[PDB]
Each structure stands twice: as C-alpha cells, then as structure tokens.
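File shown: coords-v4.cif. Contents: mmCIF, C-alpha atoms.
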```
data_query
#
loop_
_atom_site.label_atom_id
_atom_site.label_comp_id
_atom_site.auth_asym_id
_atom_site.auth_seq_id
_atom_site.Cartn_x
_atom_site.Cartn_y
_atom_site.Cartn_z
CA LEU A 1 -8.21 46.17 -41.17
CA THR A 2 -4.52 46.19 -39.70
CA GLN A 3 -1.84 48.46 -38.11
CA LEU A 4 1.77 49.32 -39.29
CA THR A 5 2.71 52.33 -36.96
CA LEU A 6 6.27 52.54 -35.47
CA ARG A 7 8.89 49.66 -35.20
CA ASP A 8 11.47 48.42 -37.77
CA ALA A 9 14.29 49.38 -39.94
CA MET A 10 17.13 48.07 -37.84
CA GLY A 11 18.12 44.74 -39.17
CA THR A 12 18.55 46.87 -42.03
CA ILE A 13 20.64 50.01 -43.17
CA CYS A 14 23.67 49.99 -40.77
CA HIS A 15 24.39 48.59 -44.11
CA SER A 16 27.81 48.23 -45.95
CA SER A 17 27.60 49.09 -49.71
CA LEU A 18 27.01 52.88 -49.28
CA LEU A 19 30.32 54.26 -48.24
CA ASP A 20 31.16 53.14 -51.60
CA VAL A 21 34.36 54.41 -53.19
CA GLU A 22 36.06 51.92 -55.53
CA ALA A 23 34.15 50.66 -58.52
CA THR A 24 31.21 52.94 -59.30
CA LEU A 25 33.04 56.17 -59.92
CA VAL A 26 35.55 53.62 -61.39
CA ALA A 27 33.05 52.62 -64.02
CA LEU A 28 32.88 56.23 -65.09
CA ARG A 29 36.66 57.28 -65.13
CA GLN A 30 37.93 59.06 -68.06
CA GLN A 31 36.51 62.33 -69.23
CA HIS A 32 36.98 65.92 -68.41
CA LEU A 33 34.80 67.23 -65.61
CA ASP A 34 32.13 69.76 -66.64
CA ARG A 35 32.49 73.43 -66.06
CA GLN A 36 33.60 73.55 -62.51
CA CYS A 37 36.60 74.82 -60.66
CA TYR A 38 37.48 75.56 -57.13
CA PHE A 39 35.11 77.67 -55.86
CA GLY A 40 37.79 77.15 -53.27
CA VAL A 41 38.84 73.81 -51.92
CA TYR A 42 42.62 73.97 -51.09
CA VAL A 43 43.99 74.63 -47.51
CA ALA A 44 46.98 76.07 -45.54
CA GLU A 45 48.99 76.73 -42.26
CA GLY A 46 49.28 80.28 -40.73
CA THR A 47 50.26 83.16 -42.82
CA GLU A 48 53.62 84.50 -41.43
CA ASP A 49 51.75 87.76 -40.90
CA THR A 50 49.89 89.39 -38.06
CA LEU A 51 45.76 90.41 -38.82
CA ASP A 52 45.14 93.75 -40.94
CA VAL A 53 46.93 94.14 -44.24
CA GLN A 54 45.14 90.85 -44.03
CA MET A 55 42.74 93.19 -45.60
CA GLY A 56 45.30 94.10 -48.25
CA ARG A 57 46.91 90.88 -49.92
CA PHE A 58 43.43 88.24 -49.28
CA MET A 59 40.79 90.41 -51.16
CA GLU A 60 43.06 92.22 -53.92
CA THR A 61 44.06 88.83 -55.20
CA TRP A 62 40.31 88.34 -54.96
CA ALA A 63 40.90 91.19 -57.47
CA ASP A 64 39.41 90.62 -60.98
CA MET A 65 35.97 88.81 -61.36
CA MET A 66 35.23 85.63 -63.44
CA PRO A 67 32.49 85.57 -66.17
CA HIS A 68 29.58 83.49 -64.58
CA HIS A 69 29.53 82.28 -60.94
CA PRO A 70 28.05 79.16 -61.84
CA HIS A 71 27.13 76.19 -59.79
CA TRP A 72 27.09 76.60 -55.96
CA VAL A 73 25.51 79.54 -54.16
CA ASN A 74 21.67 79.84 -55.21
CA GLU A 75 19.06 80.79 -52.70
CA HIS A 76 15.57 82.24 -53.53
CA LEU A 77 12.43 80.87 -55.42
CA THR A 78 9.65 78.41 -54.58
CA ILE A 79 9.32 74.67 -55.59
CA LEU A 80 9.11 73.07 -58.99
CA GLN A 81 12.22 74.91 -59.71
CA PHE A 82 13.46 71.97 -58.35
CA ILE A 83 11.91 71.12 -61.56
CA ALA A 84 13.12 72.74 -64.92
CA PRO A 85 16.62 74.13 -64.79
CA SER A 86 17.23 77.62 -65.62
CA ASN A 87 19.79 76.91 -63.14
CA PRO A 88 22.34 74.49 -61.85
CA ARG A 89 22.04 72.53 -58.52
CA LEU A 90 21.97 69.02 -60.10
CA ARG A 91 25.29 67.96 -61.54
CA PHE A 92 26.69 68.53 -58.23
CA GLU A 93 23.42 67.05 -56.89
CA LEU A 94 22.04 63.47 -57.26
CA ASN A 95 21.94 61.63 -53.88
CA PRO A 96 24.18 63.17 -51.30
CA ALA A 97 26.04 60.02 -49.73
CA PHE A 98 28.42 59.74 -52.41
CA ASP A 99 28.67 63.08 -53.97
CA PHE A 100 31.94 63.87 -55.22
CA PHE A 101 33.30 67.29 -55.83
CA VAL A 102 35.93 68.45 -58.30
CA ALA A 103 39.01 68.34 -56.28
CA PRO A 104 42.49 69.79 -56.64
CA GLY A 105 45.43 68.01 -55.42
CA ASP A 106 43.73 66.32 -52.41
CA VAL A 107 45.41 69.43 -51.76
CA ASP A 108 48.32 68.53 -49.53
CA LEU A 109 46.06 70.63 -47.20
CA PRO A 110 47.46 72.69 -45.14
CA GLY A 111 50.45 74.99 -46.15
CA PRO A 112 51.01 78.66 -47.20
CA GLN A 113 48.91 80.96 -49.40
CA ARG A 114 49.71 81.69 -53.19
CA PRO A 115 48.11 80.24 -56.37
CA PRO A 116 48.36 77.58 -59.10
CA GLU A 117 45.60 75.99 -61.35
CA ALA A 118 43.44 72.81 -60.67
CA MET A 119 44.09 68.91 -60.65
CA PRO A 120 41.91 66.39 -58.78
CA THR A 121 41.78 62.61 -58.09
CA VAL A 122 38.71 60.62 -57.23
CA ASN A 123 36.61 60.74 -54.15
CA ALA A 124 35.41 60.14 -50.61
CA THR A 125 33.91 62.03 -47.63
CA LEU A 126 30.56 61.46 -45.92
CA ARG A 127 27.75 64.01 -45.83
CA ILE A 128 26.13 61.89 -43.28
CA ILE A 129 23.09 64.22 -43.91
CA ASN A 130 19.71 63.42 -45.43
CA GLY A 131 16.94 65.66 -44.14
CA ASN A 132 16.80 68.92 -45.82
CA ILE A 133 17.60 66.17 -48.36
CA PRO A 134 19.14 67.36 -51.64
CA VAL A 135 16.92 69.44 -52.52
CA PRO A 136 15.29 71.93 -54.56
CA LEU A 137 11.48 71.31 -54.02
CA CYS A 138 10.33 72.89 -50.68
CA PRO A 139 7.90 74.76 -48.29
CA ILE A 140 7.34 75.73 -44.27
CA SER A 141 4.39 73.35 -42.97
CA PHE A 142 6.38 70.00 -42.34
CA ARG A 143 9.36 71.01 -40.13
CA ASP A 144 8.43 74.08 -38.23
CA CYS A 145 6.34 71.07 -38.26
CA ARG A 146 8.50 68.72 -36.38
CA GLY A 147 7.82 71.58 -34.13
CA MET B 1 54.65 86.95 -75.85
CA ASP B 2 53.13 85.02 -78.73
CA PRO B 3 54.81 81.65 -79.42
CA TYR B 4 56.20 81.38 -82.94
CA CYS B 5 54.14 79.32 -85.38
CA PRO B 6 54.71 79.39 -89.16
CA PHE B 7 51.25 78.06 -90.09
CA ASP B 8 47.94 79.86 -89.57
CA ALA B 9 45.09 77.33 -89.98
CA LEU B 10 44.03 74.36 -92.14
CA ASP B 11 40.85 72.48 -92.98
CA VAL B 12 39.70 68.97 -94.08
CA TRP B 13 36.40 68.23 -92.30
CA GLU B 14 35.78 66.06 -89.26
CA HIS B 15 33.89 62.93 -90.23
CA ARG B 16 33.65 60.89 -87.04
CA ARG B 17 34.11 57.59 -88.89
CA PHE B 18 37.16 58.55 -90.98
CA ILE B 19 39.51 59.30 -88.07
CA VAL B 20 43.04 58.41 -89.20
CA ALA B 21 46.51 59.23 -87.85
CA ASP B 22 45.36 59.64 -84.28
CA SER B 23 46.95 62.81 -82.93
CA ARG B 24 45.92 64.65 -79.79
CA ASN B 25 44.76 68.25 -79.59
CA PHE B 26 45.73 70.70 -76.86
CA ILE B 27 42.81 70.58 -74.45
CA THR B 28 41.87 74.01 -73.17
CA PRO B 29 39.35 75.34 -70.68
CA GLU B 30 36.29 77.43 -71.58
CA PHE B 31 36.97 80.29 -69.15
CA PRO B 32 38.82 83.53 -69.99
CA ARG B 33 42.51 83.33 -69.16
CA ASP B 34 42.71 86.29 -66.75
CA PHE B 35 41.70 84.17 -63.75
CA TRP B 36 44.19 81.43 -64.41
CA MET B 37 46.06 83.59 -61.99
CA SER B 38 49.74 84.24 -61.47
CA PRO B 39 52.41 81.89 -60.04
CA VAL B 40 53.14 82.67 -56.39
CA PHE B 41 55.16 80.57 -53.94
CA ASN B 42 55.92 82.38 -50.69
CA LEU B 43 58.53 81.31 -48.17
CA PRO B 44 57.95 80.59 -44.50
CA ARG B 45 59.81 83.37 -42.70
CA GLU B 46 61.07 80.90 -40.11
CA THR B 47 64.16 79.80 -41.97
CA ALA B 48 66.15 76.58 -41.89
CA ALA B 49 68.68 78.65 -39.92
CA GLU B 50 66.06 80.22 -37.62
CA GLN B 51 64.63 76.86 -36.54
CA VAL B 52 68.22 75.83 -35.77
CA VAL B 53 68.56 78.86 -33.48
CA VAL B 54 65.24 78.23 -31.72
CA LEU B 55 65.80 74.50 -31.20
CA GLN B 56 69.40 75.06 -30.07
CA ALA B 57 68.19 77.58 -27.50
CA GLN B 58 65.68 74.96 -26.33
CA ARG B 59 68.41 72.29 -26.17
CA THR B 60 70.68 74.55 -24.11
CA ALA B 61 67.77 75.40 -21.79
CA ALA B 62 66.98 71.69 -21.32
CA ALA B 63 70.63 70.87 -20.61
CA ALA B 64 70.61 73.21 -17.60
CA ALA B 65 67.59 71.41 -16.14
CA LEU B 66 69.22 68.03 -16.83
CA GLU B 67 72.33 69.18 -14.95
CA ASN B 68 70.19 70.51 -12.10
CA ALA B 69 68.47 67.13 -11.79
CA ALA B 70 71.81 65.31 -11.98
CA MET B 71 73.32 67.47 -9.23
CA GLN B 72 70.19 66.92 -7.14
CA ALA B 73 70.55 63.15 -7.62
CA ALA B 74 74.36 63.16 -7.32
CA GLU B 75 74.16 63.84 -3.57
CA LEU B 76 72.18 60.70 -2.66
CA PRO B 77 75.32 58.46 -2.60
CA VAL B 78 76.82 60.96 -0.15
CA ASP B 79 73.61 60.80 1.93
CA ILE B 80 73.74 57.01 2.18
CA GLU B 81 77.33 56.97 3.48
CA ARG B 82 76.66 59.98 5.75
CA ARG B 83 73.55 58.48 7.36
CA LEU B 84 74.34 54.75 7.59
CA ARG B 85 77.93 54.88 8.90
CA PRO B 86 76.91 56.44 12.26
CA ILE B 87 74.15 53.83 12.54
CA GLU B 88 76.66 51.05 11.86
CA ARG B 89 78.94 52.49 14.56
CA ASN B 90 76.02 52.64 17.01
CA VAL B 91 75.24 48.98 16.27
CA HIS B 92 78.95 48.20 16.77
CA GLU B 93 78.77 49.84 20.21
CA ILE B 94 76.60 46.91 21.31
#
```
As structure tokens, what does this structure read like?
Amino acid sequence: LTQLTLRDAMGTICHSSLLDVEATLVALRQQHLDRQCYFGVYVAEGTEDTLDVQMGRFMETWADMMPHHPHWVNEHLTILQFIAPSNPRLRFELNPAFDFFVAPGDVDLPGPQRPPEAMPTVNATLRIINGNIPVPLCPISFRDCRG
Amino acid sequence: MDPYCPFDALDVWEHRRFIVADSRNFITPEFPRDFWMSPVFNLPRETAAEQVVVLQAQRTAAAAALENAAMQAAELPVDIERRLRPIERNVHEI
C-alpha cells in the first residue's frame, strides 16, 4: 500500500475565476428579488447631535413592527435542519464567495439619518471565509477539536 | 387620500398563451404599507454660511503665521549687509 498525507494544493487555488462579478449574475438579470429588504444596509456620517435623546429619535422610528422577520437571524436546533426547511437560511445561502445581498443604492454610504424605500444594483464583496462554512448541519467534536 | 378612479374592477381570464395588447401592471410589494416609512431628509446644522465663517477664521489665523514667517525672513537681507560690510572693511584694512 501507499501514502498521501500532507503536501499539495498550491499550484492550484490562488486561482482567478472566483472573484467573479460580471457574467454569472449577468446570466440571471431580470426579475424581482424574493421577499427581502434591508434588514439594514445603508450608512451615514455623524448625527449633528450629542449621545442621549439618541435614545429618543433611533429606537422610536424603530417604532412599529413588521409582520415576519424573515431571513437572517436564526440560532438554535441541531443538524439535519440544515436539511428540510421550515425555515430560511438558503436563498441567501449557496456557497459564500459570491453571495450577493439585496442592496439599496450602493448606498452613497455615508451621510445623515432619515428614511426612503429600497433600490439595489448588482454585486461584489468577499467573505473570504469558509470554515464554519455555510452552514446549517453541525456539532462540537471536530473544532473544540482543532483544539 | 384615495386617488380618484371611475372604474372598480373587470374580468376576462388570464390564459398564458393568449396575451395580447401588452400592458404593464403596477408592481407592488407583499408587505403591509405601514413600514414603507415616512419621507425624512434632515439638514446638516453646519450651514453653507457656517463653513464660510469657520474657514475664514482659519484663513485669517493662517495669514498671521504667514506674516510672522515673512517678518522673520525679511530681516536676513539686513543681516547680510550688517555682517559682511565690517568684514569687507577689515579686509580693506590690509
């Protein structure tokens, strides 16, 4: 018999076609993107204010509640609910490295504070991450393991 | 606040093949309207006039330092003619 222990994938995925944004998303342009809005993505620059009634004008426009908070903040079950969805985590979940939120106006991030309603473009930014890798099938032997 | 519309509703069913006279419907979201929240644009308190005041104060502060540096450097030509003339006279004494 023969070994294959520990030596090579480095002629190999320093690779180019993964940062990938022209033609793939291209080939699926033109719909209407499924139920999803901000949760929050826009940005801004100060607030011409000072820290406490910070309290007062930042939660009371977080004033009146939507009707199902829907597709990103799950947290507690076991495993093969990765595997039959009651529940969302997969059409904002298929591979991370290109993974491509809804996206209002690239928002001219950052400015002031007060609200309109949501237009995006198309996509790029690199979750260089792969190791709690996306996800929902997991237990606690194999990385308190890497320790 | 309801827009005026003479007609209520009409009906001749939607066979996917028989689409004719291609018009476009008003595309609407599926979420209740209350959270399509209100229009707010808030000003920066620092006004077009206020930035003028601040930057003019900075310009006038910088002008004083420029004049200080000029008056510090304006005395060098006096130094040259105050220091070298006695040396030239001493050389002339020989």
message: Evaluated on this file, the PyMOL selection byres ((chain A) within 7 of (chain B)) picks out some residues - which ones are they, written as a ChimeraX atom specification?
response: /A:48,66,114-117
Residue selection dump (C-alpha atoms) as a CSV table (one decimal), in the frame of the given file:
```
chain,number,residue,atom,x,y,z
A,48,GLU,CA,53.6,84.5,-41.4
A,66,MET,CA,35.2,85.6,-63.4
A,114,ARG,CA,49.7,81.7,-53.2
A,115,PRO,CA,48.1,80.2,-56.4
A,116,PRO,CA,48.4,77.6,-59.1
A,117,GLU,CA,45.6,76.0,-61.4
```
field: Within 10 Å of residue 18 (chain A) using all atoms listed in the file, minus same-chain residues under 4 positions, as an NGL selection string
entry: :A and (13-14 or 97-98 or 126)
message: For this structure, which residues satisfy the selection - the PyMOL selection byres ((chain A and resi 43) around 8) - when it is evaluated on the file as given? I want them as JSON, numbers by chain.
response: {"A": [41, 42, 44, 45, 107, 108, 109, 110, 111]}
query: Can you tell me how far CA of residue 5 (chain B) sits from CA of residue 19 (chain B), in Å to one decimal?
result: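 Computed distance, CA of residue 5 (chain B) to CA of residue 19 (chain B), equals 24.9 Å.
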message: Quick check on the file I pasted: which residues fall under the PyMOL selection byres ((chain A and resi 123) around 7)? Write them as number ranges by chain.
response: A: 21, 100, 121-122, 124
task: For CA of residue 71 (chain B) and CA of residue 59 (chain B), determine how far apart the two atoms are, in Å to one decimal place.
output: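 Between CA of residue 71 (chain B) and CA of residue 59 (chain B) the gap works out to 18.3 Å.
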statement: Expressed in Å, the length from CA of residue 131 (chain A) to CA of residue 143 (chain A) is 10.1 Å
- prompt: Using all atoms listed in the file, which residue out of A:79, A:84, A:54, A:60 lies closest to residue 139 (chain A)?
  reply: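 Of all the options, A:79 lies closest to residue 139 (chain A).
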